[PDB]
Each structure stands twice: as C-alpha cells, then as structure tokens.
Amino acid sequence: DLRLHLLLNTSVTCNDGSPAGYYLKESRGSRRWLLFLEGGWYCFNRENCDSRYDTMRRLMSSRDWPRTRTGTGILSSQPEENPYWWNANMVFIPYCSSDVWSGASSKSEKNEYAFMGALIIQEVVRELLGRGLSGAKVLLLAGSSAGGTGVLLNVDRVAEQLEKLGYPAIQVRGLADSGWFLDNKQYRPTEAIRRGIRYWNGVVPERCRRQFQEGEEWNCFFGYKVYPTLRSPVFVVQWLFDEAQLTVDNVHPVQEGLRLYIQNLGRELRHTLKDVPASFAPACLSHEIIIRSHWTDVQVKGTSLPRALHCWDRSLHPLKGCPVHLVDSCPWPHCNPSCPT
Ligand SMILES: CCc1noc(C)c1C(=O)Nc1cc(C)on1
Ligand SMILES: *[C@@H]1O[C@H](CO)[C@@H](O)[C@H](O)[C@H]1NC(C)=O
C-alpha cells in the first residue's frame, strides 16, 4: 500500500482549490524512484468542466480521496507481478487538474477552476527531495493515457528543475504509456486541445514551443511532434489500434472502407515510431495500461514489456538478446496472439 500525503504548499491545488497530493511507498534499500501520472481525459470550458465536477469529482478534487491505495502492475512491490522495478520507491500522483498535466493557472475572481498540472508535478518533486529523493540515481517519470502525454510535456522540465536545485546526479527519464496520438482524419479533437490550452494557461516544452510558435502550441500535445525535441531518454508504449484514438476517430462485419481505414492507422502509427529507439507497440485493439496486474503477459517478437524496460536500463549504463525497439509489423488487431482479452 501507498499512503497519501497532501501537499504542504496548499496553494498548489486541484481544480476546486482543494490541496493536491501524492501516494508514497518508500523502499529504503533502493535508489530508484518511480513517479506515475494518472490519466482520465480532460475538460476544456466552463460547461464541460461543470459536468465533469458532477460525475468525475475525484478527478477534480481531493476532498474524497482515500488514505491509501494498492500498487499494481509497474507500481507493485511483488517480483512476480513486477519483474522490472519491484524494489523501487513508488509514487502515484492523482490527476485532479483536468489539463493533460499542462496547466499553470490558479483559481481567482476570474477563474472558477484552477488548472495546475505542471505545478503539481514540480511541487511533488520538491517535497519528495526531503523524503529521500535527494539520494536517487534514477527518477523515472511514467504515466498512462492523459498521464502518458503528461510525461512528454513534463520530463524535461523535471530534469531542468533538479539541475537548478543542485542535484545534477539524478538521471531523469520518461515512460509514456498510451499517450502517443495522431491528428488524423476521422472515419466519420485538435480544436478541443487548442481551446483547452487557452482555458488552462497551458505550457509546453520550450524547444517545441520555439518550433511551432505563438498560437500553435497544440502541436506539442502530439507525440510524434514533441518527442524529437526532448533531451531526456523516453520509452514509448502504444497499442497500434488504441481504443481512445479510435473513439475520437468515430470508429466502433467490416467492409472495405473501414478495413482500409484501420490498416492505414496501424501503418501510420508504426511509421511514427520508426526513429524511436526505445518503444513497445503491439498490434492490438485495447485501452489497457501498465498499472494492470497482468501487464507482463503481452509480448512483441517474443519479448515482454518488463523485459524491454530492463534492456532499456542496461542500454543507459545494441545488446545480444535484449531488445529495446519492439514494434509489430502485422496489419490487423490481434494478429499478435498475446493481445489482451
Ligand atoms: C492528448 C490529450 C489526451 N489525454 O487523454 C486522451 C485520451 C487524450 C486525447 O486527446 N487522445 C486523442 C486525440 C486524438 C486526435 O486522438 N486521440
Ligand atoms: C507554493 O507554490 C506556489 C506556486 O508554485 C508558489 O508561488 C509559492 O511560492 C509556493 N510557496 C512556498 C512557501 O514555497
């Protein structure tokens, strides 16, 4: 179990002004730290956020959070469930800012809601340094779905923060799960992100911002455009036929037009990963993420994700029998036999 700590700086808040926080389980015999960003879509205007506050309030407020949570998948401390990092210090950061972890705007007389995702990450890091993070050798910033996009938006800022605070020896890396999307044509989204950024006062990584310039920062929410600008090592996990991608594309006995659409989506996703040396991209239709208990089951070319992550660690000290670039080439969902059911 990971136990809840509300932030000591009570000015860093969830959407409704309640304090943000983190769940922590320490492992005093380890210098590895895993900080995981929860996902859960986003909201982009007053009316849309009001609806989310009625029926998804835990994603907007800490008032009802439980005092503990169970670590599962990559957050599990049991070797049988987590062959990769079972002995690490474990941190789960709840998503209560509804801004894809991009915001830096407080509640005020002109703002009904606070959007502080980028500042929540920074304050969690600062408060952890006094609880043992100051002695870390590796800080892995991981996340799923909106949290996976959040990794891409925040990993280099964490590295810069630690350098400026005087901790040059901590190696910052990122693990982005299910957060690598395509701004493609629908079968039958980018505007919502564009409007969201203005509503949240959202921030993007600086090199990407300088490429796309004023008004075009929404481009930096798309993995294939932001990834080449990043300096920290980042491992990308993405299903070739991701269910959230297909939902926004309006895809739900398949005839020719839809067959060609789905095959082209998989080919485009595979193309965007060709120059990503650390990646795991199975040919499956899924919404499943790396904090699920059976995350060890899927394999690409005979290699599981926990193994690929271990090979990535070794590469950062190609390796015989220890691959890090694993992208399926077969062209239809479940052509990989190990896909989840
Ligand atoms: C990037 C923000 C985000 N956070 O969680 C989800 C889900 C999204 C999202 O928008 N996914 C998209 C977007 C397009 C186009 O296709 N899929
Ligand atoms: C709390 O966080 C806010 C926002 O990052 C910052 O302006 C303020 O200085 C912080 N308070 C303290 C005591 O550090």
Side-chain angles (χ1 to χ4, degrees), residues 6-14 17 19-21 37-44 48 52 56 59 95 97-108 114-127 129-130 143-154 157-158 161 164-165 176-184 186-193 195-197 199-205 208 217-227 236-251 261-262 265-266 268-269 272 285-289:
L6 294 179
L7 292 182
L8 301 176
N9 183 341
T10 52
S11 294
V12 181
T13 73
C14 298
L37 305 177
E38 184 185 26
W41 295 89
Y42 58 88
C43 66
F44 63 90
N48 193 247
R52 184 181 174 88
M56 305 183 88
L59 297 177
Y95 180 39
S97 52
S98 311
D99 57 3
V100 200
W101 300 93
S102 80
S105 170
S106 314
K107 187 166 168 53
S108 71
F115 298 98
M116 305 186 67
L119 301 169
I120 290 169
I121 293 170
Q122 164 187 289
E123 183 68 29
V124 171
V125 167
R126 279 176 34 83
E127 300 188 17
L129 286 163
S144 298
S145 192
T149 310
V151 169
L152 300 174
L153 296 174
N154 288 277
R157 189 171 296 112
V158 169
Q161 173 190 11
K164 294 185 182 180
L165 283 170
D177 168 31
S178 300
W180 185 276
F181 303 109
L182 301 178
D183 50 343
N184 66 343
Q186 299 174 298
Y187 175 65
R188 287 199 175 95
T190 59
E191 200 59 39
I193 298 290
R195 292 170 180 267
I197 292 174
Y199 188 54
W200 309 326
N201 186 45
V203 302
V204 297
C208 189
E217 300 91 348
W218 67 265
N219 282 278
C220 299
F221 282 58
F222 288 85
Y224 77 98
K225 302 190 218 189
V226 63
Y227 174 94
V236 177
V237 176
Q238 187 73 27
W239 307 114
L240 297 178
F241 312 100
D242 180 88
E243 283 179 10
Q245 177 79 53
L246 286 169
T247 294
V248 306
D249 284 325
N250 287 323
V251 170
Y261 187 93
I262 289 164
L265 169 67
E268 286 177 348
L269 210 61
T272 64
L285 170 65
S286 187
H287 66 257
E288 300 276 9
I289 63 181

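Along the sequence shown, residues carry numbers from 1. When a ligand or atom number is given, it counts from 1 through the structure's own listing order.
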(request) Hey, could you give me the CD1/OH distance between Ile262 and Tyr187, rounded to the nearest 0.5 Å? (result) 8.0 Å
(message) Checking contacts here: is it the side chain or the backbone of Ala146 that comes within 4.0 Å of ligand 1, counting heavy atoms only? Could be both or neither.
(response) both
(message) For atom 13 (C) of ligand 1, which of the options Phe181, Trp41, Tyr42 provides the nearest non-hydrogen atom?
(response) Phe181
(request) Output the list of atoms in ligand 1 that are nearer than 4.0 Å to some heavy atom of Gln245, sorted by atom number. (result) 16 (O), 17 (N)
(message) If I take atom OG from residue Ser286 and atom CH2 from residue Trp239, how far apart are they, to the nearest 0.5 angstrom?
(response) 4.5 Å
(message) Could you walk me through whether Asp177 and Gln238 satisfy the side chain to side chain donor-acceptor pair (under 3.5 Å) test, starting with their C-alpha distance in whole Å, then the side-chain angles of each, then the deciding distance to 0.1 Å, before giving a yes or no?
(response) CA-CA 6 Å; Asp177 168 31; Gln238 187 73 27; over 6 Å; no
(message) When you measure from atom 7 (O) of ligand 2 to the protein, is at least one non-hydrogen atom found at a distance under 4.0 Å?
(response) no
(message) Any atom of ligand 1 sitting under 4.0 Å from a heavy atom of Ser145?
(response) yes
(request) Please indicate whether any nitrogen or oxygen in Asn9 is less than 3.5 Å from any nitrogen or oxygen in ligand 2. (result) yes
(message) Closer than 4.0 angstrom, basic N to acidic O: yes or no for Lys225 and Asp183?
(response) yes
(message) So if I count the atoms of ligand 2 from 1 in the order they appear, which ones are less than 4.0 Å from some heavy atom of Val12?
(response) 2 (O)
(request) Any chance you could measure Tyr227, atom OH, to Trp180, atom CH2, to the nearest 0.5 Å? (result) 6.5 Å
(request) Determine whether any heavy atom of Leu182 lies closer than 4.0 Å to an atom of ligand 1. (result) yes
(request) Taking the six-membered ring for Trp and the full ring for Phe, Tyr or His, determine whether the centres of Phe44 and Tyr199 are under 6.0 Å apart. (result) no
(request) Any atoms of ligand 1 less than 4.0 Å from a non-hydrogen atom of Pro189? List them with their elements. (result) 15 (C)
(request) Determine the minimum heavy-atom distance between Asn201 and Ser105, stating which atoms define it. (result) CB-CB, 4.0 Å
